[PDB]
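> What follows is a structure written as structure tokens; I'll ask about it next.
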Amino acid sequence: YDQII
Amino acid sequence: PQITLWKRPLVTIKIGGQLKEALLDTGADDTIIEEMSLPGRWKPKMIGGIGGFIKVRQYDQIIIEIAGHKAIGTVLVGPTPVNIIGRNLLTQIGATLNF
Amino acid sequence: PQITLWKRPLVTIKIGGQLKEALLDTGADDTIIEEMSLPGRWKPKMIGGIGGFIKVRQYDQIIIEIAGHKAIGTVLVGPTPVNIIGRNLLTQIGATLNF
Ligand SMILES: [Cl-]
Ligand SMILES: [Cl-]
Ligand SMILES: [Cl-]
Ligand SMILES: [Cl-]
Ligand SMILES: [Cl-]
Ligand SMILES: [Cl-]
Ligand code: NA
């Protein structure tokens with residue numbers, strides 16, 4: 001899954 | 001502009017005629033904003049962050065202005081600690097990291 | 001260098017004698033590394049983001065070589081899904097966002 005950090 | 005990182009890289013964005021604050025985030029694949037009304041259909045998406053995965057709503061081909069630069073692209077809506085501009089729109093406004 | 005944002009901005013770092021890959025993350029206040037041993041004292045901390053919070057160990061005055069540039073600062077160690085170089089060290093290598 002795409003990652004948002 | 002050249003933006004240093006001594007403070008959070010917060011900019012003004014405009015989406016649906018409304019001004020909001022958002023963080024320029026090179027660590028984000030995608031753009032995610034807090035709950036708001038967007039036009040059109042949405043699709044499901046799962047995203048991974050520091051503390052785990054969440055489900056969000058994916059809205060495509062949304063007009064958004066970022067620090068005065070026009071973009072049209074995918075915006076996710078879901079529970080985020082801050083509005084985040086990720087790489088999908090940072091590339092549209094021509095942003096690079098430089099050292 | 002000038003790093004585009006078409007893909008994730010990954011670089012090689014050296015920390016604690018070890019080579020790791022890490023993400024240059026302007027959205028991150030802090031630098032967060034996967035579980036490893038570091039010397040000296042530490043204290044617990046909670047950090048959060050999308051998906052919630054994780055507990056980490058906070059080590060101060062740690063030297064990290066980031067794509068060839070040395071910097072010193074606080075490093076957090078814990079169960080992060082990706083090694084993150086945050087603003088506390090990006091400033092020290094002179095990193096800017098440009099558009
Ligand atoms: Cl600054
Ligand atoms: Cl459907
Ligand atoms: Cl997009
Ligand atoms: Cl990538
Ligand atoms: Cl620091
Ligand atoms: Cl500076
Ligand atoms: Na220390």
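Residue names in the structure tokens use chain letters A, B, ... in the order shown, residue numbers from 1 in each chain, and ligand numbers from 1 in the order shown.
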What are the closest atom pairs, with distances in Å to one decimal, for each residue of chain B lying within 7 Å of chain A, using only C-alpha atoms, rows by chain and rising residue number, as JSON lines?

```
{"residue": "B:27", "atom": "CA", "partner": "A:5", "partner_atom": "CA", "distance": 5.2}
{"residue": "B:28", "atom": "CA", "partner": "A:4", "partner_atom": "CA", "distance": 4.0}
{"residue": "B:29", "atom": "CA", "partner": "A:3", "partner_atom": "CA", "distance": 5.8}
{"residue": "B:30", "atom": "CA", "partner": "A:4", "partner_atom": "CA", "distance": 6.6}
{"residue": "B:46", "atom": "CA", "partner": "A:1", "partner_atom": "CA", "distance": 6.2}
{"residue": "B:47", "atom": "CA", "partner": "A:2", "partner_atom": "CA", "distance": 5.1}
{"residue": "B:48", "atom": "CA", "partner": "A:3", "partner_atom": "CA", "distance": 4.6}
{"residue": "B:49", "atom": "CA", "partner": "A:4", "partner_atom": "CA", "distance": 5.0}
{"residue": "B:50", "atom": "CA", "partner": "A:5", "partner_atom": "CA", "distance": 6.0}
```
> Identify, on the basis of only C-alpha atoms, every residue whose closest approach to residue 65 of chain B does not exceed 9 Å; exclude the query and any residue fewer than 2 positions from it along the same chain; express the result as a list in words.
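These residues fall inside the cut-off: residues 12, 13, 14, 15, 63, 67, 68, 69, 70, 71 and 72 of chain B.
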> List every residue of chain C that DSSP, applied to the backbone, labels as strand (DSSP E or B), and write the result as a ChimeraX atom specification.
/C:2-3,10-15,18-24,32-33,42-49,52-66,69-77,84-85,96-98
> For the residues in that selection, give me N, CA and C atoms as a short mmCIF file (atom, residue, chain, number, x, y, z; two decimals), in the first residue's frame.

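New file part.cif:
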```cif
data_model
loop_
_atom_site.label_atom_id
_atom_site.label_comp_id
_atom_site.auth_asym_id
_atom_site.auth_seq_id
_atom_site.Cartn_x
_atom_site.Cartn_y
_atom_site.Cartn_z
N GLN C 2 20.17 17.45 -6.70
CA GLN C 2 18.78 17.83 -6.90
C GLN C 2 17.99 16.54 -7.07
N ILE C 3 17.10 16.35 -6.14
CA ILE C 3 16.26 15.16 -6.16
C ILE C 3 14.83 15.48 -6.58
N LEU C 10 14.87 8.36 -1.58
CA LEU C 10 15.63 7.45 -0.75
C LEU C 10 17.11 7.71 -0.89
N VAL C 11 17.77 7.71 0.26
CA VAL C 11 19.22 7.83 0.25
C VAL C 11 19.84 6.81 1.19
N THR C 12 21.14 6.60 1.02
CA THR C 12 21.91 5.79 1.94
C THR C 12 22.44 6.66 3.07
N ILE C 13 22.30 6.13 4.26
CA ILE C 13 22.79 6.72 5.47
C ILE C 13 23.74 5.76 6.19
N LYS C 14 24.60 6.35 7.02
CA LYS C 14 25.42 5.57 7.94
C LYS C 14 25.13 6.06 9.36
N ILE C 15 24.76 5.09 10.19
CA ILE C 15 24.37 5.38 11.56
C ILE C 15 24.78 4.19 12.42
N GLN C 18 26.41 1.29 10.72
CA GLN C 18 25.62 0.47 9.82
C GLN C 18 25.16 1.30 8.64
N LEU C 19 25.09 0.72 7.47
CA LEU C 19 24.49 1.38 6.32
C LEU C 19 23.00 1.04 6.23
N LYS C 20 22.17 2.04 6.02
CA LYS C 20 20.73 1.83 5.86
C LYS C 20 20.24 2.75 4.74
N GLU C 21 19.09 2.41 4.21
CA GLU C 21 18.39 3.28 3.28
C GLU C 21 17.33 4.04 4.09
N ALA C 22 17.17 5.32 3.76
CA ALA C 22 16.23 6.17 4.46
C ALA C 22 15.57 7.15 3.50
N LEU C 23 14.37 7.57 3.89
CA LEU C 23 13.54 8.47 3.15
C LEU C 23 13.76 9.91 3.62
N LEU C 24 14.05 10.85 2.70
CA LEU C 24 14.11 12.25 3.07
C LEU C 24 12.70 12.81 3.16
N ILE C 32 13.56 9.01 12.42
CA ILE C 32 13.06 7.77 13.02
C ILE C 32 13.67 6.60 12.25
N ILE C 33 14.36 5.75 12.98
CA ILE C 33 15.05 4.59 12.42
C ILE C 33 14.48 3.31 13.01
N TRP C 42 18.99 6.99 26.69
CA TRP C 42 17.77 7.21 25.94
C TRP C 42 16.57 7.40 26.87
N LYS C 43 15.50 7.94 26.29
CA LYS C 43 14.26 8.07 27.04
C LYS C 43 13.10 7.75 26.09
N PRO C 44 12.02 7.27 26.68
CA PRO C 44 10.89 6.92 25.82
C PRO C 44 10.13 8.13 25.32
N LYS C 45 9.50 7.93 24.15
CA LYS C 45 8.73 8.98 23.49
C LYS C 45 7.61 8.30 22.71
N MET C 46 6.50 8.98 22.49
CA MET C 46 5.47 8.57 21.56
C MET C 46 5.43 9.52 20.38
N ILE C 47 5.37 8.97 19.18
CA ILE C 47 5.23 9.83 18.00
C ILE C 47 4.08 9.26 17.18
N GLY C 48 3.42 10.16 16.48
CA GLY C 48 2.19 9.75 15.80
C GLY C 48 2.06 10.40 14.45
N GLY C 49 1.12 9.83 13.72
CA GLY C 49 0.89 10.24 12.36
C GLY C 49 -0.32 9.50 11.84
N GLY C 52 -2.07 6.51 13.76
CA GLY C 52 -1.87 6.51 15.21
C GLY C 52 -0.44 6.76 15.63
N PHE C 53 -0.13 6.30 16.83
CA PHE C 53 1.12 6.47 17.50
C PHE C 53 1.92 5.18 17.73
N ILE C 54 3.25 5.37 17.74
CA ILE C 54 4.19 4.32 18.11
C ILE C 54 5.10 4.83 19.23
N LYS C 55 5.56 3.90 20.05
CA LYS C 55 6.52 4.20 21.10
C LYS C 55 7.92 3.99 20.56
N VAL C 56 8.77 4.96 20.85
CA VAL C 56 10.16 4.95 20.40
C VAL C 56 11.11 5.26 21.54
N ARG C 57 12.40 4.99 21.30
CA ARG C 57 13.48 5.42 22.16
C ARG C 57 14.18 6.63 21.55
N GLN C 58 14.36 7.63 22.37
CA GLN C 58 14.96 8.90 21.95
C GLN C 58 16.42 8.95 22.41
N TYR C 59 17.32 8.98 21.44
CA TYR C 59 18.75 9.09 21.65
C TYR C 59 19.20 10.48 21.21
N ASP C 60 19.92 11.20 22.05
CA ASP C 60 20.38 12.52 21.69
C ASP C 60 21.86 12.47 21.25
N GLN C 61 22.25 13.46 20.48
CA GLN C 61 23.63 13.68 20.02
C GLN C 61 24.15 12.47 19.29
N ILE C 62 23.43 11.99 18.29
CA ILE C 62 23.85 10.89 17.43
C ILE C 62 24.32 11.46 16.10
N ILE C 63 25.47 10.98 15.64
CA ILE C 63 26.02 11.40 14.37
C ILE C 63 25.54 10.44 13.29
N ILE C 64 25.03 10.96 12.16
CA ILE C 64 24.53 10.26 11.00
C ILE C 64 25.08 10.90 9.71
N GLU C 65 25.63 10.06 8.84
CA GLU C 65 26.12 10.49 7.54
C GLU C 65 24.97 10.21 6.56
N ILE C 66 24.51 11.26 5.91
CA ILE C 66 23.34 11.27 5.05
C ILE C 66 23.82 11.63 3.65
N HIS C 69 26.88 13.45 3.79
CA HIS C 69 27.04 14.65 4.60
C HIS C 69 26.83 14.31 6.08
N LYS C 70 27.73 14.71 6.95
CA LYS C 70 27.58 14.43 8.38
C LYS C 70 26.75 15.48 9.10
N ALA C 71 25.98 14.94 10.05
CA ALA C 71 25.10 15.79 10.87
C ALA C 71 24.99 15.15 12.23
N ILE C 72 24.62 15.91 13.22
CA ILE C 72 24.39 15.39 14.55
C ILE C 72 23.03 15.87 15.00
N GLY C 73 22.35 14.98 15.73
CA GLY C 73 21.09 15.33 16.32
C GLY C 73 20.42 14.17 17.01
N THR C 74 19.16 14.37 17.36
CA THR C 74 18.35 13.36 18.02
C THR C 74 17.86 12.38 16.98
N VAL C 75 17.94 11.10 17.37
CA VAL C 75 17.41 10.03 16.56
C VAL C 75 16.45 9.20 17.40
N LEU C 76 15.31 8.94 16.85
CA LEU C 76 14.30 8.06 17.45
C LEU C 76 14.39 6.68 16.86
N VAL C 77 14.31 5.66 17.71
CA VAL C 77 14.40 4.29 17.22
C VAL C 77 13.17 3.52 17.63
N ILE C 84 13.28 7.15 8.31
CA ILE C 84 12.92 8.53 8.00
C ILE C 84 13.97 9.51 8.45
N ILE C 85 14.45 10.36 7.56
CA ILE C 85 15.30 11.48 7.93
C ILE C 85 14.37 12.68 7.97
N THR C 96 16.73 22.02 1.15
CA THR C 96 15.61 22.89 0.82
C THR C 96 14.68 22.26 -0.19
N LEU C 97 13.42 22.69 -0.12
CA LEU C 97 12.41 22.43 -1.12
C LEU C 97 12.35 23.62 -2.06
N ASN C 98 12.40 23.36 -3.34
CA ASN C 98 12.46 24.42 -4.34
C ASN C 98 11.38 24.22 -5.39
#
```
> Which of chain B end up as helix (DSSP H, G or I) when DSSP is run on this backbone - answer as a ChimeraX atom specification?
/B:87-90
> Taking only C-alpha atoms and all ligand atoms into account, which residues are within 6 Å of ligand 1, as a PDB file with N, CA, C and O atoms, in the first residue's frame?

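As written to disk, part10.pdb reads:
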```pdb
ATOM      1  N   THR B   4      13.280  26.517   3.439  1.00  0.00           N
ATOM      2  CA  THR B   4      14.163  25.846   4.384  1.00  0.00           C
ATOM      3  C   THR B   4      13.294  25.056   5.351  1.00  0.00           C
ATOM      4  O   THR B   4      12.086  25.178   5.342  1.00  0.00           O
ATOM      5  N   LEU B   5      13.893  24.245   6.190  1.00  0.00           N
ATOM      6  CA  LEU B   5      13.152  23.284   6.970  1.00  0.00           C
ATOM      7  C   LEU B   5      13.312  23.465   8.467  1.00  0.00           C
ATOM      8  O   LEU B   5      13.034  22.535   9.251  1.00  0.00           O
ATOM      9  N   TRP B   6      13.694  24.683   8.895  1.00  0.00           N
ATOM     10  CA  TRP B   6      13.841  24.965  10.300  1.00  0.00           C
ATOM     11  C   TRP B   6      12.488  24.984  10.992  1.00  0.00           C
ATOM     12  O   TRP B   6      12.366  24.676  12.179  1.00  0.00           O
ATOM     13  N   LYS B   7      11.431  25.341  10.262  1.00  0.00           N
ATOM     14  CA  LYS B   7      10.059  25.201  10.745  1.00  0.00           C
ATOM     15  C   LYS B   7       9.314  24.237   9.814  1.00  0.00           C
ATOM     16  O   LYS B   7       9.800  23.917   8.727  1.00  0.00           O
TER      17      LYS B   7
END
```
